[PDB]
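Report on one structure; see the data block that follows.
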Amino acid sequence: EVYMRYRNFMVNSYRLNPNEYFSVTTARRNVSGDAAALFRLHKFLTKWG
Amino acid sequence: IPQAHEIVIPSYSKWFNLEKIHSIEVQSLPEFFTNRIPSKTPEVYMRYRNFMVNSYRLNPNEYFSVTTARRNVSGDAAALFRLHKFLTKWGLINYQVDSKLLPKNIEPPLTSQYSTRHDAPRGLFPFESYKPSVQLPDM
Amino acid sequence: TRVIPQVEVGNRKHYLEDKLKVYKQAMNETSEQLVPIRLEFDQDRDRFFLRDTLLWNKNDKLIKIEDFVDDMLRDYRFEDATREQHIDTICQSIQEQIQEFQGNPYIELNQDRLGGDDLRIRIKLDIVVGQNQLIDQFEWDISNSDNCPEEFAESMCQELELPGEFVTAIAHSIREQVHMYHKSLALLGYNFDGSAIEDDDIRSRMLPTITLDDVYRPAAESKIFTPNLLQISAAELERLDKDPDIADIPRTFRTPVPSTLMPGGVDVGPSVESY
Amino acid sequence: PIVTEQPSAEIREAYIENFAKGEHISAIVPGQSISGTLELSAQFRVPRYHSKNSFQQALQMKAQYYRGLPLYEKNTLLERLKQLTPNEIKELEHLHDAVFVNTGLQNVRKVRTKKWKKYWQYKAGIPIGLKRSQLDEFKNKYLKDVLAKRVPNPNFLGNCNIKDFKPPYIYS
Amino acid sequence: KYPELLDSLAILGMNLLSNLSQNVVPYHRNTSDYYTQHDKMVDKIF
């Protein structure tokens with residue numbers, strides 16, 4: 001459940017402006033958790049398109 | 001002689017009664033019953049619960065928030081948070097409030113109903129000739 | 001015709017990790033010890049200025065702090081020279097705070113009494129996201145391992161209609177002050193069983209018993225234990241920008257991140273209009 | 001007035017360039033958010049149903065809706081408050097505080113949710129307050145957008161680099 | 001300049017060998033291919 005929460009947050013928030021790089025600092029600042037897992041999830045996402 | 005109200009309770013919450021502690025409460029909120037802590041007594045638990053439920057029933061279509069509980073009643077804030085959540089679970093709190101009036105997260109909207117295009121490599125689709133009939137032959 | 005190893009996204013290379021180490025850590029994990037990390041750098045000191053708060057899992061062997069800091073400095077759109085100069089200072093700052101985080105005493109020393117003791121402190125907030133400033137104060141018990149700051153911060157920010165910046169700032173502040181008290185207690189001789197606080201500067205900061213007739217709060221105090229979101233002018237904004245002890249508790253004023261959408265960030269970016 | 005970003009792009013750009021260097025600038029650049037405050041306790045206060053010395057004297061003698069409260073009737077009311085005990089007045093004050101603050105928070109919640117919807121619309125590039133009926137007009141507005149030079153990106157509705165490749169059974 | 005590529009190939013090969021030895025076919029599987037303690041105590045009591 002937490003995984004889907006974080007992932008959908010990141011994807012929804014990116015697709016509102018595709019021209020701009022969606023960074024790890026904004027996700028780290030807007031959702032609560034340890035920065036390492038958020039780093040890993042952000043890299044997975046940005047890796048698979 | 002006193003003025004009357006009318007409130008609603010889910011049918012599975014009839015066990016709840018003031019002046020009384022039920023076993024469901026004892027096994028749901030174990031902190032207020034371990035006889036080690038002088039502050040967390042069943043007497044003060046009953047007062048927390050009564051304050052919250054009464055002040056909600058004074059106007060049943062206004063969402064009772066843990067912020068006011070924290071403001072009026074002295075005690076640990078997370079204990080009041082857990083008690084508020086338990087009360088909301090078993091009906092018994094904010095049942096009548098209209099949905100769309102409940103609090104919600106401030107998040108970007110959903111993008112699930114969007115149309116996406118796919119970027120494909122070169123040799124993924126075959127080359128095709130022969131436009132086929134698409135019409136029945138005359139006989 | 002070429003062979004291109006990859007195309008850079010945001011002027012960066014893709015991150016490639018070791019999957020055996022990933023599974024090795026994931027399949028032997030037990031706890032999630034979290035460290036509150038605070039970064040503060042002025043200009044009339046080391047050349048750059050930067051402020052941030054963060055949570056880091058200490059039982060983490062997968063991500064190197066140097067990579068994390070390099071990525072973070074790329075997110076703030078620092079020039080190449082400045083990043084290559086100051087990544088070392090930032091990495092040392094982050095690496096020190098992890099080492100002095102001994103941990104949660106009631107866990108490393110098995111106490112876990114299902115209600116904890118009654119050590120209760122006052123947690124005070126001062127968070128300046130945007131042009132607003134949230135000031136709040138509430139009681140928090142630090143003996144109970146059931147108290148989760150994330151859920152509490154999320155609930156408060158739902159009930160006041162605040163964005164996620166406040167959520168993470170509040171969670172970090174709660175954890176920071178709780179750990180300050182844990183550390184000040186364990187620094188002096190205190191076995192965390194058999195309360196017997198046995199001190200004077202603290203035991204004067206804990207909150208008294210609640211027996212009864214003390215459950216209801218006076219009116220002069222009810223004004224203190226209530227949240228306020230005060231919006232501040234440009235002058236006080238600039239003042240707040242310019243300017244283990246328990247007396248002074250650090251505030252939170254992060255430098256904005258260059259994001260077009262999110263609240264609390266600056267809008268220096270490729271516009272939503274696509275021209 | 002809804003959003004609070006610094007309105008001039010030049011100062012934001014200069015700020016971020018000097019920040020990339022490491023230096024400060026003169027002007028202030030705060031982060032984006034909606035405007036508005038929540039000044040609780042500079043607001044509804046605890047009612048004092050008691051007088052100054054009522055409780056100590058009681059100790060020595062040993063004893064529709066307006067905001068959240070419904071409206072009362074004089075005759076039936078003047079009996080109920082005569083029934084109750086000084087030990088129960090404090091509980092009354094606190095229940096009334098609870099209901100007042102809960103109503104106030106309900107109202108501010110409504111206002112803030114409206115303002116946040118408008119903020120997200122403004123940030124996403126939608127004009128403002130679009131109805132379900134205006135969608136296609138919005139698309140037509142897009143045409144006007146490039147006419148008012150401007151050259152569209154590949155991240156522009158209807159300007160994708162990828163185009164459909166029709167099948168052989170489609171004739172044209 | 002891009003080492004993970006090698007891993008991919010090898011890993012793919014390995015799985016194929018497994019599927020070949022146990023008489024399994026990995027493609028078009030006809031399957032789906034998808035997938036606080038206090039609160040849990042409370043709703044479990046519920």
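Within each chain, counting starts at residue 1; across the structure tokens, chains are named A, B, ... in the order shown, with ligands numbered 1 upward in that order.
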
Near-segment 1-4 of chain E list (12 Å; only C-alpha atoms; drop same-chain fewer than 2 positions) as an MDAnalysis selection string: (chainID C and resid 3:7 13:19) or (chainID E and resid 6:11)

Atoms kept (C-alpha atoms) for selection, written as an mmCIF file, in the first residue's frame:
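So result_2.cif came out as:
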data_model
loop_
_atom_site.group_PDB
_atom_site.id
_atom_site.type_symbol
_atom_site.label_atom_id
_atom_site.label_comp_id
_atom_site.auth_asym_id
_atom_site.auth_seq_id
_atom_site.Cartn_x
_atom_site.Cartn_y
_atom_site.Cartn_z
ATOM 1 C CA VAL C 3 26.705 2.570 -30.715
ATOM 2 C CA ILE C 4 25.529 4.922 -27.972
ATOM 3 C CA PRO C 5 25.832 3.593 -24.402
ATOM 4 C CA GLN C 6 22.905 5.736 -23.226
ATOM 5 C CA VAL C 7 21.253 9.133 -23.539
ATOM 6 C CA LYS C 13 23.726 9.036 -16.130
ATOM 7 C CA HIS C 14 21.440 6.173 -15.203
ATOM 8 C CA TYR C 15 21.965 4.545 -11.814
ATOM 9 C CA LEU C 16 23.001 0.882 -11.944
ATOM 10 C CA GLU C 17 23.042 -1.112 -8.714
ATOM 11 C CA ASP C 18 24.120 -4.560 -7.547
ATOM 12 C CA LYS C 19 21.090 -6.836 -7.317
ATOM 13 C CA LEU E 6 26.075 -8.123 -19.756
ATOM 14 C CA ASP E 7 24.161 -9.064 -16.611
ATOM 15 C CA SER E 8 20.865 -8.862 -18.493
ATOM 16 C CA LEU E 9 22.002 -11.324 -21.141
ATOM 17 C CA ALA E 10 23.429 -13.807 -18.667
ATOM 18 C CA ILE E 11 20.426 -13.616 -16.368
#

Residues of chain C within 6 Å of chain A, only C-alpha atoms counted, as a list in words: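 Here they are: residues 55, 56, 57, 75, 164, 165, 168, 270 and 272 of chain C.
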
Close residues, residue 45 of chain E itself excluded, 10 Å, only C-alpha atoms, min 6 positions apart in chain, as JSON, numbers by chain: {"B": [24, 25, 27, 28], "E": [39]}

At most 12 Å to chain A: residues in chain D, only C-alpha atoms, as a list in words: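 Filtering chain D at 12 Å from chain A with only C-alpha atoms gives residues 120, 121, 122, 123, 124, 125, 126, 153, 154, 155, 156 and 157 of chain D.
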
Saved selection, atoms kept: N, CA and C atoms, as a JSON list (two decimals), in the first residue's frame:
[["chain", "number", "residue", "atom", "x", "y", "z"],
["D", 120, "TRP", "N", -3.88, 24.24, -8.15],
["D", 120, "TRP", "CA", -3.46, 23.16, -9.03],
["D", 120, "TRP", "C", -3.84, 23.43, -10.47],
["D", 121, "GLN", "N", -5.02, 24.01, -10.70],
["D", 121, "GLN", "CA", -5.40, 24.36, -12.07],
["D", 121, "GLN", "C", -4.45, 25.39, -12.66],
["D", 122, "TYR", "N", -4.09, 26.40, -11.88],
["D", 122, "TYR", "CA", -3.18, 27.43, -12.39],
["D", 122, "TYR", "C", -1.81, 26.85, -12.69],
["D", 123, "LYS", "N", -1.33, 25.93, -11.85],
["D", 123, "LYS", "CA", 0.02, 25.39, -12.04],
["D", 123, "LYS", "C", 0.06, 24.40, -13.19],
["D", 124, "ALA", "N", -1.04, 23.70, -13.45],
["D", 124, "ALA", "CA", -1.03, 22.72, -14.53],
["D", 124, "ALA", "C", -1.18, 23.38, -15.90],
["D", 125, "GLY", "N", -1.55, 24.65, -15.94],
["D", 125, "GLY", "CA", -1.70, 25.37, -17.19],
["D", 125, "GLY", "C", -3.12, 25.49, -17.69],
["D", 126, "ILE", "N", -4.08, 24.85, -17.04],
["D", 126, "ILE", "CA", -5.50, 24.98, -17.37],
["D", 126, "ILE", "C", -5.90, 26.41, -16.99],
["D", 153, "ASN", "N", 6.40, 22.49, -28.80],
["D", 153, "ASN", "CA", 7.30, 21.40, -28.46],
["D", 153, "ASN", "C", 6.74, 20.07, -28.93],
["D", 154, "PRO", "N", 7.52, 19.00, -28.81],
["D", 154, "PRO", "CA", 6.91, 17.66, -28.90],
["D", 154, "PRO", "C", 6.10, 17.28, -27.67],
["D", 155, "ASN", "N", 6.19, 18.05, -26.59],
["D", 155, "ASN", "CA", 5.32, 17.86, -25.42],
["D", 155, "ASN", "C", 4.16, 18.86, -25.49],
["D", 156, "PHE", "N", 3.45, 18.83, -26.60],
["D", 156, "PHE", "CA", 2.34, 19.73, -26.83],
["D", 156, "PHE", "C", 1.20, 18.94, -27.43],
["D", 157, "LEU", "N", 0.00, 19.12, -26.90],
["D", 157, "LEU", "CA", -1.13, 18.29, -27.30],
["D", 157, "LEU", "C", -1.35, 18.36, -28.80]]

Chain E contacts to chain B at 9 Å (only C-alpha atoms) as an MDAnalysis selection string: chainID E and resid 38:39 41:43 45:46

Segment 66-79 of chain B surroundings by only C-alpha atoms, 9 Å radius, close-in-sequence under 6 positions cut, as a VMD selection string: (chain B and resid 31 39 48 51 to 52) or (chain C and resid 120 to 121 138 to 141 146 to 149 152 155 to 156 159 to 160 210 214 to 219 221 to 227) or (chain D and resid 94 to 95 97 to 99 101 to 102)

Could you dump the residues just selected with C-alpha atoms as a PDB file, in the first residue's frame?
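After the write, out-v4.pdb holds the following:
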ATOM      1  CA  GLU B  31      -2.617   1.126  27.412  1.00  0.00           C
ATOM      2  CA  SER B  39      -1.721   8.699  34.589  1.00  0.00           C
ATOM      3  CA  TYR B  48     -11.432  11.307  27.469  1.00  0.00           C
ATOM      4  CA  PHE B  51     -15.656  14.325  26.322  1.00  0.00           C
ATOM      5  CA  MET B  52     -15.068  13.341  22.713  1.00  0.00           C
TER       6      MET B  52
ATOM      7  CA  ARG C 120       6.203  13.313  28.621  1.00  0.00           C
ATOM      8  CA  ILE C 121       7.765  16.389  27.057  1.00  0.00           C
ATOM      9  CA  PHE C 138       1.857  19.669  22.075  1.00  0.00           C
ATOM     10  CA  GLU C 139       2.676  16.956  24.585  1.00  0.00           C
ATOM     11  CA  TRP C 140       4.516  13.845  23.452  1.00  0.00           C
ATOM     12  CA  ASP C 141       5.409  10.774  25.493  1.00  0.00           C
ATOM     13  CA  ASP C 146       3.713   2.935  19.569  1.00  0.00           C
ATOM     14  CA  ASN C 147       3.869   6.679  18.957  1.00  0.00           C
ATOM     15  CA  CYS C 148       4.551   7.128  15.240  1.00  0.00           C
ATOM     16  CA  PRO C 149       5.309  10.730  14.205  1.00  0.00           C
ATOM     17  CA  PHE C 152       0.380  12.248  13.649  1.00  0.00           C
ATOM     18  CA  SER C 155      -3.417  13.774  10.514  1.00  0.00           C
ATOM     19  CA  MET C 156      -2.630  17.330  11.592  1.00  0.00           C
ATOM     20  CA  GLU C 159      -7.086  18.680   9.498  1.00  0.00           C
ATOM     21  CA  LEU C 160      -5.534  22.077   8.711  1.00  0.00           C
ATOM     22  CA  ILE C 210      -2.380  13.802  35.154  1.00  0.00           C
ATOM     23  CA  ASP C 214      -5.924  17.930  35.844  1.00  0.00           C
ATOM     24  CA  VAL C 215      -7.350  16.279  32.725  1.00  0.00           C
ATOM     25  CA  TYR C 216      -9.166  19.482  31.745  1.00  0.00           C
ATOM     26  CA  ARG C 217      -6.935  22.324  30.662  1.00  0.00           C
ATOM     27  CA  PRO C 218      -7.164  25.927  31.947  1.00  0.00           C
ATOM     28  CA  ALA C 219      -8.196  28.650  29.538  1.00  0.00           C
ATOM     29  CA  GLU C 221      -3.123  27.276  28.614  1.00  0.00           C
ATOM     30  CA  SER C 222      -5.614  26.265  25.926  1.00  0.00           C
ATOM     31  CA  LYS C 223      -4.376  29.237  23.895  1.00  0.00           C
ATOM     32  CA  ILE C 224      -0.836  27.846  23.996  1.00  0.00           C
ATOM     33  CA  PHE C 225      -1.599  24.271  22.895  1.00  0.00           C
ATOM     34  CA  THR C 226      -3.293  25.277  19.654  1.00  0.00           C
ATOM     35  CA  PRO C 227      -1.874  25.690  16.138  1.00  0.00           C
TER      36      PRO C 227
ATOM     37  CA  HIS D  94     -15.140  22.607  27.177  1.00  0.00           C
ATOM     38  CA  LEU D  95     -17.826  20.890  25.095  1.00  0.00           C
ATOM     39  CA  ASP D  97     -15.213  25.116  22.880  1.00  0.00           C
ATOM     40  CA  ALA D  98     -14.997  21.825  21.027  1.00  0.00           C
ATOM     41  CA  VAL D  99     -18.099  22.518  18.947  1.00  0.00           C
ATOM     42  CA  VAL D 101     -13.626  25.219  16.990  1.00  0.00           C
ATOM     43  CA  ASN D 102     -14.911  22.255  14.995  1.00  0.00           C
TER      44      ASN D 102
END

Per residue of chain D within 9 Å of chain B, which atom pair is closest and at what distance in Å (one decimal), using only C-alpha atoms, listed by chain and increasing number, as JSON lines?
{"residue": "D:65", "atom": "CA", "partner": "B:59", "partner_atom": "CA", "distance": 8.6}
{"residue": "D:68", "atom": "CA", "partner": "B:59", "partner_atom": "CA", "distance": 6.3}
{"residue": "D:69", "atom": "CA", "partner": "B:59", "partner_atom": "CA", "distance": 6.8}
{"residue": "D:70", "atom": "CA", "partner": "B:59", "partner_atom": "CA", "distance": 7.9}
{"residue": "D:72", "atom": "CA", "partner": "B:3", "partner_atom": "CA", "distance": 8.0}
{"residue": "D:73", "atom": "CA", "partner": "B:3", "partner_atom": "CA", "distance": 8.7}
{"residue": "D:76", "atom": "CA", "partner": "B:1", "partner_atom": "CA", "distance": 6.2}
{"residue": "D:77", "atom": "CA", "partner": "B:2", "partner_atom": "CA", "distance": 7.4}
{"residue": "D:79", "atom": "CA", "partner": "B:2", "partner_atom": "CA", "distance": 8.2}
{"residue": "D:80", "atom": "CA", "partner": "B:2", "partner_atom": "CA", "distance": 6.5}
{"residue": "D:91", "atom": "CA", "partner": "B:51", "partner_atom": "CA", "distance": 7.8}
{"residue": "D:94", "atom": "CA", "partner": "B:72", "partner_atom": "CA", "distance": 6.5}
{"residue": "D:95", "atom": "CA", "partner": "B:55", "partner_atom": "CA", "distance": 4.9}
{"residue": "D:96", "atom": "CA", "partner": "B:55", "partner_atom": "CA", "distance": 7.4}
{"residue": "D:97", "atom": "CA", "partner": "B:72", "partner_atom": "CA", "distance": 7.8}
{"residue": "D:98", "atom": "CA", "partner": "B:68", "partner_atom": "CA", "distance": 5.7}
{"residue": "D:99", "atom": "CA", "partner": "B:55", "partner_atom": "CA", "distance": 6.4}
{"residue": "D:101", "atom": "CA", "partner": "B:68", "partner_atom": "CA", "distance": 6.7}
{"residue": "D:102", "atom": "CA", "partner": "B:64", "partner_atom": "CA", "distance": 6.0}
{"residue": "D:103", "atom": "CA", "partner": "B:62", "partner_atom": "CA", "distance": 6.3}
{"residue": "D:105", "atom": "CA", "partner": "B:65", "partner_atom": "CA", "distance": 8.5}
{"residue": "D:106", "atom": "CA", "partner": "B:62", "partner_atom": "CA", "distance": 7.1}
{"residue": "D:109", "atom": "CA", "partner": "B:103", "partner_atom": "CA", "distance": 7.6}
{"residue": "D:110", "atom": "CA", "partner": "B:101", "partner_atom": "CA", "distance": 7.6}
{"residue": "D:113", "atom": "CA", "partner": "B:106", "partner_atom": "CA", "distance": 8.4}
{"residue": "D:116", "atom": "CA", "partner": "B:106", "partner_atom": "CA", "distance": 7.8}
{"residue": "D:120", "atom": "CA", "partner": "B:108", "partner_atom": "CA", "distance": 7.0}
{"residue": "D:160", "atom": "CA", "partner": "B:117", "partner_atom": "CA", "distance": 8.6}
{"residue": "D:162", "atom": "CA", "partner": "B:119", "partner_atom": "CA", "distance": 7.4}
{"residue": "D:167", "atom": "CA", "partner": "B:131", "partner_atom": "CA", "distance": 8.8}
{"residue": "D:168", "atom": "CA", "partner": "B:131", "partner_atom": "CA", "distance": 5.0}
{"residue": "D:169", "atom": "CA", "partner": "B:131", "partner_atom": "CA", "distance": 6.0}
{"residue": "D:170", "atom": "CA", "partner": "B:131", "partner_atom": "CA", "distance": 8.5}
{"residue": "D:171", "atom": "CA", "partner": "B:131", "partner_atom": "CA", "distance": 8.3}

Go ahead and dump the residues you just picked, C-alpha atoms, as a short mmCIF file (atom, residue, chain, number, x, y, z; two decimals), in the first residue's frame.
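The resulting file, out-v7.cif, is shown below:
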data_model
loop_
_atom_site.label_atom_id
_atom_site.label_comp_id
_atom_site.auth_asym_id
_atom_site.auth_seq_id
_atom_site.Cartn_x
_atom_site.Cartn_y
_atom_site.Cartn_z
CA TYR D 65 -27.52 26.39 14.75
CA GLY D 68 -22.33 24.87 16.30
CA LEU D 69 -24.84 25.04 19.10
CA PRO D 70 -28.56 24.81 18.30
CA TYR D 72 -32.54 27.23 22.82
CA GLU D 73 -35.91 28.24 24.25
CA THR D 76 -37.15 24.98 28.90
CA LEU D 77 -33.59 26.31 29.16
CA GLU D 79 -34.77 24.81 34.11
CA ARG D 80 -31.94 22.66 32.76
CA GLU D 91 -17.32 20.16 31.18
CA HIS D 94 -15.14 22.61 27.18
CA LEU D 95 -17.83 20.89 25.10
CA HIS D 96 -18.82 24.30 23.77
CA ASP D 97 -15.21 25.12 22.88
CA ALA D 98 -15.00 21.83 21.03
CA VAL D 99 -18.10 22.52 18.95
CA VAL D 101 -13.63 25.22 16.99
CA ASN D 102 -14.91 22.25 14.99
CA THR D 103 -17.30 24.49 13.05
CA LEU D 105 -12.25 24.35 11.10
CA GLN D 106 -15.02 23.02 8.84
CA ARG D 109 -11.42 23.55 5.27
CA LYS D 110 -14.01 24.42 2.63
CA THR D 113 -9.89 23.21 -0.60
CA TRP D 116 -6.05 24.54 -3.60
CA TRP D 120 -3.46 23.16 -9.03
CA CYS D 160 3.78 14.35 -30.93
CA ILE D 162 5.12 9.76 -33.18
CA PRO D 167 -3.09 -0.68 -41.44
CA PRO D 168 -3.47 -2.02 -44.99
CA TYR D 169 -7.20 -2.70 -44.68
CA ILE D 170 -7.79 1.01 -44.11
CA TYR D 171 -8.08 2.37 -47.63
#

For chain C, the nearest of the candidates B:21, B:81, B:16, B:6, counting only C-alpha atoms: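 Closest to chain C of all the choices is B:81.
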
Of the listed residues B:14, B:22, B:36, B:9, that which approaches chain C most closely, counting only C-alpha atoms: B:36

Spatial neighbours of residue 37 of chain B, 9 Å, only C-alpha atoms, chain gap at least 5 places, as an MDAnalysis selection string: (chainID B and resid 31:32) or (chainID C and resid 115:118)

Neighbours of chain D in chain C at 9 Å, counting only C-alpha atoms, as a ChimeraX atom specification: /C:43,47-49,76-79,81-82,129-132,159-163,216-217,219-220,222-224,226-231,234,237-238,255-258,260-269,272-275

Enumerate, as a tab-separated table (two decimals) with C-alpha atoms, in the first residue's frame, the complete set of residues in segment 13-43 of chain A that a backbone-based DSSP assignment places in helix (DSSP H, G or I).
chain	number	residue	atom	x	y	z
A	13	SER	CA	3.25	14.71	-10.05
A	14	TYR	CA	5.58	14.23	-13.01
A	24	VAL	CA	14.43	13.22	-5.63
A	25	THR	CA	14.58	16.26	-3.35
A	26	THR	CA	10.98	17.22	-4.08
A	27	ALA	CA	9.71	13.69	-3.48
A	28	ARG	CA	11.80	13.42	-0.32
A	29	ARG	CA	10.29	16.71	0.83
A	30	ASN	CA	6.66	15.93	0.02
A	35	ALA	CA	15.47	9.01	1.84
A	36	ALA	CA	17.22	5.78	0.80
A	37	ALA	CA	14.08	3.85	-0.17
A	38	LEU	CA	12.72	6.92	-1.97
A	39	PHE	CA	16.02	7.21	-3.83
A	40	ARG	CA	15.80	3.58	-4.90
A	41	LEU	CA	12.19	3.91	-6.06
A	42	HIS	CA	12.88	7.13	-7.95
A	43	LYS	CA	15.81	5.52	-9.74
